[PDB]
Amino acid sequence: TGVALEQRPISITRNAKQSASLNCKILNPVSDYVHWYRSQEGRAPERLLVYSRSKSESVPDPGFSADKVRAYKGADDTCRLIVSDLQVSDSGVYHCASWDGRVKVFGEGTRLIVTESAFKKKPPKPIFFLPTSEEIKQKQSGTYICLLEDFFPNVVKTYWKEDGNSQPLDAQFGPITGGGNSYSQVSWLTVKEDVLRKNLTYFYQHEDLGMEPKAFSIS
């Protein structure tokens, strides 16, 4: 493969009749085309438009008008989708996609939330729990716990890493619980004795933080 799609940010919250811009950074691009698929709750995923690079031409699919969805050039490697005059029926998860021969590669997606209600957009507030000596004694392993609480919207992306390995560790994530203007998520990571006393780092991405992730250093 080798193709990599990057979509920032993870979520976009707007009121009706506003506009939204979604980014798709393509690394090592094989195809000249960027496809934009939409995932809505209850219906099958479908493609909205196909954007031609080097032509800067957005071709929408049947059922979608160019005055509603249109892609443009962002940076010199970014495809920028703009969805204008937002209605509630525009809410969904928007994935960009590129062909790699016979297989099609997708991005992690960007959730578009269009509500007819006033919203607050508050960032996650983390509290951490460090491993106890009792657990290291009777399990030969330590458990780190992170609780992100009181954030809006209900879209967050968290991951754990080890200082020097560029691949997130295998941790457990709970569901995003909450309602109204306050949502929470818990996540924990268990590591062994030979992995303990190694500087860890914890990341979380939220809409109220921009495109860069917030980082936390743990020892």
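Position 1 is the first residue in the sequence shown; the rest follow in order.
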* Structure fact -> As the entry reports it, the stretch among 195-203 and 16-24 with higher mean C-alpha B factor is 195-203
* Asked: What stretch has the higher average Cα B-factor here, 177-185 or 154-162?
  -> 154-162
* For the listed 82, 114, 118, 79, which has the peak Cα B-factor recorded in the PDB entry? -> 114
* Asked: What's the residue among 87, 98, 138, 110 with the greatest CA temperature factor in the PDB record?
  -> 138
* C-alpha B factor of residue 147, ranked within the chain: lowest, middle or highest third? -> middle
* Within-chain third of residue 49 by Cα B-factor, per the entry -> middle
* Classify residue 102 as lowest, middle or highest third according to the C-alpha B-factor given in the PDB entry, relative to its own chain. => highest
* To do: Looking at the entry's B-factor column for C-alpha atoms only, identify whether residue 123 ranks in the lowest, middle or highest third of its chain.
  => lowest
* Relative to the other modelled residues of the same chain, rank the CA B-factor of residue 55 and answer lowest, middle or highest third. => highest
